Amino acid sequence: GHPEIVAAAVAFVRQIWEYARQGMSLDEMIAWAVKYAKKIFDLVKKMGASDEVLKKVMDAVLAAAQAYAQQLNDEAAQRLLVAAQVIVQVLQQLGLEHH
C-alpha cells in the first residue's frame, strides 16, 4: 500500500525517457538507471515496505518503460528498455541482499 513509491519509480523511468529522447549514450543511461534503482530501493527500505510492494514497483518500472518506448524512435526506445531492465535487476538483487 505505497502508491507514492510506485509513482516515484515511474517518474524515474520518465527521467530516463527524457535522457533517451535527448540522445544519451547507452552506457550513461545505465549509470543513471543504477543510481535511480538505488534511490527507489531506499524508498522501499526506509518505508518498511513489503516484498509485495517491491514486486509492484518492479512491475511498474517495466510497464512505464514499455509505455514510454512508444514515445521514442527505435534506437532510443531500445536503450530505454535496456536501462529499465537494469533498474529491475538491481531492485531484485537489493531485495535479496536486504533478506
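The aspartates and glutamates whose alpha-carbon is closer than 13 Å to the alpha-carbon of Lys38, local same-chain residues fewer than 8 away aside, are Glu97.
Between the helical axis of 74-98 and the dominant principal axis of the chain, each derived from Cα atoms, what acute angle in degrees is found, rounded to the nearest 10? Helix 74-98 sits at roughly 20 degrees to that axis. The distance separating the Cα centre of segment 19-43 from that of segment 67-81 comes to 14 Å. Shown here are the Rg and Dmax of the Cα trace of the chain, at 12.8, 39 Å.
Throughout, read-outs are computed from the coordinates displayed, never taken from laboratory work.
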